[PDB]
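Written out below as structure tokens is the structure these notes cover.
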There are 2 protein chains.
Amino acid sequence: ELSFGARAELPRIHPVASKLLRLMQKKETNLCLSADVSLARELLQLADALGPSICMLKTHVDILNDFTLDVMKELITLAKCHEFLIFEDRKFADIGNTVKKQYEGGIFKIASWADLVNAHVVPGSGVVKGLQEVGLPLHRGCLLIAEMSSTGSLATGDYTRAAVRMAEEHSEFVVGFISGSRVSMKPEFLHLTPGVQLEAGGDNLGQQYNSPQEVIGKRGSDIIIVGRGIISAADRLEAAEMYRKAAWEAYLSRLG
Amino acid sequence: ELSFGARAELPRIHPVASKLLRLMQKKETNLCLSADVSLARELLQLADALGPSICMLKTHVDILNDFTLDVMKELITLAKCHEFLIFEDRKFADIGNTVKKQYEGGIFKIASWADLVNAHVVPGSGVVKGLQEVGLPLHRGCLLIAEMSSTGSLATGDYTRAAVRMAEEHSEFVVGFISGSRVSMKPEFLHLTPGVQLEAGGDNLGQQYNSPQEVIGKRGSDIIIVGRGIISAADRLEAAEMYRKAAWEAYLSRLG
Ligand SMILES: O=C(O)c1cc(=O)[nH]c(=O)n1[C@@H]1O[C@H](COP(=O)(O)O)[C@@H](O)[C@H]1O
Ligand SMILES: O=C(O)c1cc(=O)[nH]c(=O)n1[C@@H]1O[C@H](COP(=O)(O)O)[C@@H](O)[C@H]1O
């Protein structure tokens, strides 16, 4: 098993994956903040304060009440300052012809500011082809949703295998997965795992939590995605540091 | 098999489904326009001119370059004038806690103007529970994506059966499906079928077309969803009338 720094140099590595893996090793962080807030001011204050602690800030641009492209300009300034990627968790899931417009256009112009986006594999490989026609020219990357954290998820068995095949057949653009575990044996591919908290539990709408030690250490994922475990805490900086140290040590102990 | 008018009166019918079925029978239309345009002025001119020909106007609010809530106010005025429902084809596909905010909030406030939305069933029933916590109080309906029109679709076999079970277990809010065929034997549930053109063919990004006669007449669906077959035509009114007459006669001939 290679370190994040060594994976950053693999011959078939995507440039976006390389950039991410380099800053993970430099900063000793494999934490992605899920910035699930409705106010631009809170998004930007979290990005600035937690920037040093995170490898990635995950957005849902569509829940931001005061979205403007200028808010995202301010977010990019912080991403460059503190060295983290921006991941818009848009979960594209339409035919190729539709998702290309949803990615490039509308009010959000997601491709103009998001290093990474993700997509469901249920519509077939046209979802990836449509996205890649915008994303490849704009030097972006994509994650495929191979497993989900929610109760009743149908992303199991043959579905997960189909997501891995689709990623591996589109390595020019697909850099990894949203998954609960290592699903690809190819080290060029990032595994990002949501549904993470230090304590056992869930929410009232099907979210299920596992710990950083379980998903990084036992299940072999690379990055933890954490929302409420940080966002709902009083001191979001110390919460981010707890999650960072948990995920980083779990990674180190798997490397041996 | 019951007429649309008789289905509108079924004991377990959802109010949104009833409203739709009534106006389908009154206007002799089972055509949903897929208004896949980037300009508000073109969206509203199509809604006004084609309103009399359609039972439903399907939006992708996220590809509209000049979206404002006022554009949607003007769209509702036309929907009320010409009697059609508004369906935002957002394909919600996240955990319940996330989709409730994506449905109610952000810039688009989808629940404030959309009669219908749709959701993928891949995350489990939490996607429906989250949406229904916004949609039930706002008297809205939801369609579940049981089958998809695109090449390589994984929405087959057990997946389609899971979508039908999920719809049937959430009949307070789920009024039907996006499907290629009749998938539910319960007549209270609408079947809407995209991937429709009069001529054989497809697009370059995995879209596959079948005719109105095939999907309404042979496959037993209720409503055709048509985008480019109308939108790319020079005379979009006559194109809409051709699709309306095709879908309506296919429906009548199945009734006998
Ligand atoms: O794509 C994701 O990040 C995602 C996939 C999934 O399987 N589960 C999942 O929870 N998510 C997202 O990750 C975040 C989880 O947030 P918390 O449950 O608050 O930690 C939310 O923004 C979800 O939309
Ligand atoms: O939800 C849908 O309407 C949808 C599901 C699906 O399986 N296939 C499908 O094409 N659609 C949508 O229906 C429309 C099809 O448009 P045309 O291919 O131009 O007729 C697009 O807006 C798609 O996003």
Side-chain angles (χ1 to χ4, degrees), chain A residues 32-36 58-60 63 87-91 93-99 101-102 117-120 122-124 126 130 143 145-150 153 155 177-180 192-197 201-203 205-209 223-232 243, chain B residues 32-36 58-60 63 87-91 93-99 101-102 117-120 122-124 126 130 143 145-150 153 155 177-180 192-197 201-203 205-209 223-232 243:
Chain A
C32 176
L33 175 64
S34 187
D36 289 332
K58 185 180 77 61
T59 58
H60 286 298
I63 74 170
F87 166 26
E88 167 55 36
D89 191 29
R90 172 60 180 81
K91 302 195 171 183
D94 212 317
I95 72 172
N97 192 69
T98 294
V99 302
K101 299 177 168 182
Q102 293 175 317
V117 293
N118 62 340
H120 279 297
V122 72
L143 305 168
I145 304 159
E147 301 177 319
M148 290 172 228
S149 62
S150 42
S153 170
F177 304 95
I178 295 296
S179 60
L192 288 72
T193 300
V196 175
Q197 280 196 2
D203 77 4
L205 289 172
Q207 179 66 304
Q208 306 173 282
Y209 295 115
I223 290 161
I224 59 168
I225 295 167
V226 181
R228 282 165 288 181
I230 293 164
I231 301 296
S232 296
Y243 280 100
Chain B
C32 176
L33 175 64
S34 187
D36 289 332
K58 185 180 77 61
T59 58
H60 286 298
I63 74 170
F87 166 26
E88 167 55 36
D89 191 29
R90 172 60 180 81
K91 302 195 171 183
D94 212 317
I95 72 172
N97 192 69
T98 294
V99 302
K101 299 177 168 182
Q102 293 175 317
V117 293
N118 62 340
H120 279 297
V122 72
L143 305 168
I145 304 159
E147 301 177 319
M148 290 172 228
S149 62
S150 42
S153 170
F177 304 95
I178 295 296
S179 60
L192 288 72
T193 300
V196 175
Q197 280 196 2
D203 77 4
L205 289 172
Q207 179 66 304
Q208 306 173 282
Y209 295 115
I223 290 161
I224 59 168
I225 295 167
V226 181
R228 282 165 288 181
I230 293 164
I231 301 296
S232 296
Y243 280 100

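Note on naming: letters A, B, ... go to the chains in the order of the sequence lines (proteins, then strands), and numbering restarts at 1 for each one. Order of listing sets the numbers, starting from 1, for every ligand and every atom in it.
Here the protein heavy atom with the shortest distance to atom 14 (C) of ligand 1 is A:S34 OG, 3.4 Å. The shortest contact between atom 7 (O) of ligand 2 and any protein heavy atom is with B:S149 N, 3.0 Å. Closest protein heavy atom to atom 20 (O) of ligand 1: A:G227 N, 2.9 Å. Atom 18 (O) of ligand 1 has as its closest protein heavy atom A:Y209 OH, 2.7 Å. Closest to atom 6 (C) of ligand 1 among all protein heavy atoms lies A:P194 CG, 3.3 Å. In this structure, the protein non-hydrogen atom closest to atom 3 (O) of ligand 2 is B:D89 OD2, 3.0 Å.
Close contacts of ligand 2 with B:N118, meaning ligand atoms under 4.0 Å from a residue heavy atom, involve 1 (O). Set against the non-hydrogen atoms of B:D94, the atoms of ligand 1 under 4.0 Å away are 23 (C), 24 (O). Shown in contact with B:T98 at under 4.0 Å from a heavy atom are these atoms of ligand 1, numbered in order with element: 21 (C), 22 (O), 23 (C), 24 (O). The B:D36 neighbourhood of ligand 2 comprises atoms 14 (C), 16 (O), 21 (C), 22 (O), with distances under 4.0 Å to a heavy atom of that residue. Under a 4.0 Å criterion applied to the non-hydrogen atoms of B:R228, ligand 2 contributes the atoms 17 (P), 18 (O), 19 (O), 20 (O).
Of the polar atoms of A:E147, none of the N or O atoms is found under 3.5 Å from an N or O of ligand 1, judged by distance alone. In terms of N/O distances under 3.5 Å, ligand 1 is not approached by A:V226. Looking at ligand 2, you won't find any N or O of B:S150 less than 3.5 Å from one of its N or O atoms. Considering both main-chain and side-chain atoms, A:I95 never comes within under 3.5 Å of ligand 2 through any nitrogen or oxygen pair.
Taking NZ of B:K91 as the reference point, atom CE of B:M148 lies at 6.5 Å (rounded to 0.5 Å). Considering CG of B:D203 and OH of B:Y209, their distance stands at 5.5 Å, rounded to 0.5 Å. Here the CG atom belonging to A:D94 is positioned 7.5 Å from the CD1 atom belonging to B:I145, to the nearest 0.5 angstrom.
At a 4.0 Å heavy-atom cut-off, ligand 2 does not touch B:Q197 at all.
For B:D36 and A:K101, the salt-bridge test fails: no basic side-chain N is under 4.0 Å from an acidic carboxylate O.
Inter-residue side-chain proximity for A:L192 and A:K58 is flagged as unmet; no heavy-atom pair is nearer than 4.5 Å. Residues A:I178 and A:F87 form a side-chain contact, since some pair of their non-hydrogen atoms from C-beta on lies under 4.5 Å apart. Counting heavy atoms from C-beta outward, A:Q207 and B:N97 have side chains that stay 4.5 Å or more apart. Looking at heavy atoms from C-beta onward, A:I95 lies out of side-chain contact with B:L205 at the 4.5 angstrom threshold.
A pairwise comparison of heavy atoms in B:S34 and B:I225 identifies CB-CG2, 3.9 Å as the closest pair. Of all non-hydrogen atoms in B:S150 and B:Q208, the two that sit nearest each other are C-OE1, 3.6 Å.
For atom 13 (O) of ligand 2, the choice among A:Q102, B:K58, B:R90 with the nearest heavy atom turns out to be B:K58. Compare A:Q208, A:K91, A:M148, A:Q207 by their heavy atoms: the one nearest to atom 5 (C) of ligand 1 is in A:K91.
With no hydrogens or angles considered, a side-chain donor-acceptor pair links A:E88 and A:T59 at under 3.5 Å.
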